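Remarks on the structure that follows.
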Ligand SMILES: O=c1ccn([C@@H]2O[C@H](COP(=O)(O)OP(=O)(O)O)[C@@H](O)[C@H]2O)c(=O)[nH]1
Ligand SMILES: *[C@@H]1O[C@H](CO)[C@@H](O)[C@H](O)[C@H]1NC(C)=O
Ligand SMILES: *[C@@H]1O[C@H](CO)[C@@H](O)[C@H](O)[C@H]1NC(C)=O
Ligand SMILES: *[C@@H]1O[C@H](CO)[C@@H](O)[C@H](O)[C@H]1NC(C)=O
Ligand SMILES: [Ca+2]
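Chains as they are written, first to last, in UniProt numbering: chain A, 31 to 385; chain B, 452 to 491.
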C-alpha cells in the first residue's frame, strides 16, 4: 500500500548527487543562481538607489576594512552579520552592499531592473541574494526564558543537540509528532488543530511571541510553555514550518536525529537547496492535506524513516558546520564583488566596524 | 507596517512595543539598549 511513497524515495535517492566537499563548494549553485540577475553588472547609480530606498543596511569594504552607515534597526543582527564579515575581510576585495536584516525579503522579481539586496530568506519570486543569517552567531529570537539573549551560537548549539541525540536513539524516541512554536504564519494552524483533535498522533501547541496581544494569537487557548530545542530530540517526528519567512528551527531539528517533516517548499535559506525531499526529510504539502497519510507511512516503514533521518542529520553535521557559514560568506561576497562595475568610495560619516 | 515584535527582538524578558515602522523594547529594570541587552 506504500508503493507511491516507496518509489518516490527510490527515485529521489537515485537522483541524489551527494556532496563530497570538505568546504562550502556544495552551496556554490546557490551563489550562482542568486547572482545571475546581476550578470550585466551593478552600476554606481543602481547602488545609490538601493541605499536611498533603505532596503537594508549599507556596508562598504575598502582595504580590508569594514564601514557601515550609522542606523541599524536591529543592532544584534548587524552584529551577527559583522561577526562573519570581519572573520573573512582580510581576503575580500573592495566592494559595497546593502544587507537587509529584517525578516522579509525586499526585491520582488516583478521589479525591473533587478537591484541587489542581501536577505537571509526568500522564495524564487524574489531577487534578494541569500546570506547566512545573523543567528548563526547571535541575534535570533529571544525566547524567554530558554534563549534570554537571543537564539545564537550555532557552534555551541550543534554540540548540545548531538549530545541530546545520543541520549535519544531512534528506537527510544516517542512516536507522537511534535511541534512547539508561535503563530508566525497561519499555515501552522491546521497542525495545532489536528493536535487538539488527535493528541496521540501529534503534540503541537502554540507558544507566545513578543507580539502576543490576545488568545487569538494562540487560537483561543492558553499559550504553551516554551521548550528548548534540545528537548525536542525525544520525539521521532519533528515538524518545521515557514514563519514570517523561513524559520531558524529547521537546521536544529536534523541534529536531534529525528525525522524532519518540512511543510511547504517556498521559503528558503541559503543551505535549503542542498537538502532534498525524501533524501533528507519528509516533504509535507503546504496545506497539510497529506500529513496523516505521511505519519502512517513512516510508522509502517520505520527502517526507511530512520534512513532518511540519519541522512539529514549527517548532512547538517558534515555540511553546515560553522566553517561552512564563514566559507559561504567569503565566497558569496568575493563572487558578488566582481559584478560591481565601478570603484567604491567610502561614504562621508560611515564609521569603521571593529574588531 | 511590519510588526517586528513577532520575531522576539527584545532580550532579557523585556516587553516589545510595535510602532509605526519601528519597534521599541521596554526593558526590565537593570537593562538598557535597543534590545535590552546591556545589563546595568
Ligand atoms: O518553544 C519554543 C518556541 C520557539 N523556539 C524557537 O524559537 C525560534 C522562534 O520560533 P517561533 O515559532 O516563535 O518563530 P519562527 O521563527 O519559527 O517563525 C525558533 O528557532 C524556534 O525553534 C523554541 O526553541 N522553543
Ligand atoms: C573546495 O573543495 C573543492 C572540492 O570539493 C575543491 O575543488 C576546491 O579546490 C576547494 N577549495 C579550497 C579553497 O579549499
Ligand atoms: C509520547 O509523547 C506524547 C505527547 O507529548 C505523550 O502524550 C505520550 O504519553 C508519550 N508516550 C510515551 C510512551 O511516553
Ligand atoms: C578602478 O580602479 C582600478 C584599480 O585600482 C583602476 O585600475 C581603474 O582605472 C579604475 N577605474 C575607473 C575609476 O573607472
Ligand atoms: Ca512596526
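No residue lacks a Cβ here, since even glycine has one placed at the ideal position from N, Cα and C.
Beta-carbon proximity list for residue i, same chain, < 7 Å, skipping 5 on both sides
{"i": "residue 39 of chain A", "result": "308 and 334"}
{"i": "residue 95 of chain A", "result": "382"}
{"i": "residue 118 of chain A", "result": "356, 359 and 360"}
{"i": "residue 474 of chain B", "result": "455, 456, 460, 467 and 468"}
{"i": "residue 273 of chain A", "result": "214 and 215"}
{"i": "residue 138 of chain A", "result": "155 and 156"}
{"i": "residue 471 of chain B", "result": "452"}
Residue i CB to nearest heavy atom of ligand 2 below 7 Å
{"i": "residue 53 of chain A", "result": "yes"}
C-beta neighbour in chain B for residue i, strict 8 Å
{"i": "residue 104 of chain A", "result": "yes"}
{"i": "residue 240 of chain A", "result": "yes"}
{"i": "residue 167 of chain A", "result": "no"}
{"i": "residue 178 of chain A", "result": "yes"}
{"i": "residue 132 of chain A", "result": "yes"}
{"i": "residue 66 of chain A", "result": "no"}
{"i": "residue 234 of chain A", "result": "no"}
{"i": "residue 87 of chain A", "result": "no"}
{"i": "residue 164 of chain A", "result": "no"}
{"i": "residue 314 of chain A", "result": "no"}
{"i": "residue 174 of chain A", "result": "yes"}
{"i": "residue 128 of chain A", "result": "no"}
{"i": "residue 274 of chain A", "result": "yes"}
Beta-carbon proximity list for residue i, same chain, < 6 Å, skipping 5 on both sides
{"i": "residue 462 of chain B", "result": "486, 487 and 488"}
{"i": "residue 104 of chain A", "result": "131"}
{"i": "residue 247 of chain A", "result": "213"}
{"i": "residue 259 of chain A", "result": "282"}
Closer than 8 Å to chain A by CB, residue i
{"i": "residue 485 of chain B", "result": "yes"}
{"i": "residue 462 of chain B", "result": "yes"}
{"i": "residue 467 of chain B", "result": "yes"}
{"i": "residue 456 of chain B", "result": "yes"}
{"i": "residue 489 of chain B", "result": "no"}
Closest Cα partner of residue i within the set the options
{"i": "residue 384 of chain A", "options": "A:101, A:109, A:350 and A:280", "result": "A:109"}
{"i": "residue 45 of chain A", "options": "A:380, A:367, A:364 and A:305", "result": "A:305"}
{"i": "residue 125 of chain A", "options": "A:342, A:303 and A:367", "result": "A:367"}
{"i": "residue 34 of chain A", "options": "A:99, A:324 and A:64", "result": "A:324"}
{"i": "residue 158 of chain A", "options": "A:355, A:177, A:293 and A:128", "result": "A:128"}
{"i": "residue 348 of chain A", "options": "A:190, A:91, A:51 and A:31", "result": "A:51"}
{"i": "residue 111 of chain A", "options": "A:141, A:160, A:97 and A:167", "result": "A:167"}
{"i": "residue 161 of chain A", "options": "A:301, A:370 and A:316", "result": "A:301"}
{"i": "residue 75 of chain A", "options": "A:176, A:291, A:288 and A:145", "result": "A:145"}
{"i": "residue 43 of chain A", "options": "A:352, A:230, A:181 and A:310", "result": "A:310"}
{"i": "residue 255 of chain A", "options": "A:102, A:67, A:37 and A:236", "result": "A:236"}
{"i": "residue 320 of chain A", "options": "A:342, A:242, A:291 and A:339", "result": "A:291"}
{"i": "residue 71 of chain A", "options": "A:271, A:365 and A:346", "result": "A:365"}
{"i": "residue 276 of chain A", "options": "A:189, A:287 and A:163", "result": "A:163"}
{"i": "residue 85 of chain A", "options": "A:91, A:92 and A:77", "result": "A:77"}
The beta strand (DSSP E) enclosing residue i, as first and last residue numbers
{"i": "residue 133 of chain A", "result": "No beta strand (DSSP E) holds residue 133 of chain A; DSSP gives it neither H nor E."}
{"i": "residue 473 of chain B", "result": "473-477"}
{"i": "residue 210 of chain A", "result": "207-211"}
{"i": "residue 235 of chain A", "result": "232-236"}
{"i": "residue 98 of chain A", "result": "95-98"}
{"i": "residue 312 of chain A", "result": "312-314"}
{"i": "residue 291 of chain A", "result": "289-293"}
{"i": "residue 467 of chain B", "result": "466-470"}
{"i": "residue 381 of chain A", "result": "381-383"}
Any non-hydrogen atom of ligand 1 closer than 7 Å to residue i Cβ
{"i": "residue 65 of chain A", "result": "no"}
{"i": "residue 191 of chain A", "result": "no"}
{"i": "residue 301 of chain A", "result": "no"}
{"i": "residue 166 of chain A", "result": "no"}
{"i": "residue 181 of chain A", "result": "yes"}
{"i": "residue 186 of chain A", "result": "no"}
{"i": "residue 239 of chain A", "result": "yes"}
{"i": "residue 332 of chain A", "result": "no"}
Residue i CB to nearest heavy atom of ligand 3 below 7 Å
{"i": "residue 270 of chain A", "result": "no"}
{"i": "residue 100 of chain A", "result": "no"}
{"i": "residue 348 of chain A", "result": "no"}
{"i": "residue 204 of chain A", "result": "yes"}
{"i": "residue 233 of chain A", "result": "yes"}
beta-carbon residue i near ligand 7 non-hydrogen atom, thresh 7 Å
{"i": "residue 470 of chain B", "result": "Inclusion of ligand 7 in the displayed structure is not the case, the ligand content consisting of ligand 1, ligand 2, ligand 3, ligand 4 and ligand 5 alone."}
Distance cut-off 7 Å: residue i Cβ against heavy atoms of ligand 5
{"i": "residue 454 of chain B", "result": "yes"}
{"i": "residue 474 of chain B", "result": "yes"}
beta-carbon residue i near ligand 4 non-hydrogen atom, thresh 7 Å
{"i": "residue 373 of chain A", "result": "yes"}
Contact set between residue i and chain C, taken where Cβ atoms lie within less than 8 Å
{"i": "residue 161 of chain A", "result": "In summary, chain C is missing from the structure at hand, where the protein chains are A and B."}
Endpoints, the alpha helix (DSSP H) within which residue i is located
{"i": "residue 162 of chain A", "result": "Counting along the chain, residue 162 of chain A falls outside any alpha helix (DSSP H), and DSSP gives it neither H nor E."}
{"i": "residue 349 of chain A", "result": "332-349"}
{"i": "residue 454 of chain B", "result": "No alpha helix (DSSP H) contains residue 454 of chain B, which DSSP labels as neither H nor E."}
{"i": "residue 357 of chain A", "result": "352-367"}
{"i": "residue 191 of chain A", "result": "184-197"}
{"i": "residue 45 of chain A", "result": "33-45"}
Contacting residues, own chain, Cβ-Cβ under 8 Å from residue i (five flanking each side not counted)
{"i": "residue 191 of chain A", "result": "259, 260, 263, 282, 285 and 286"}
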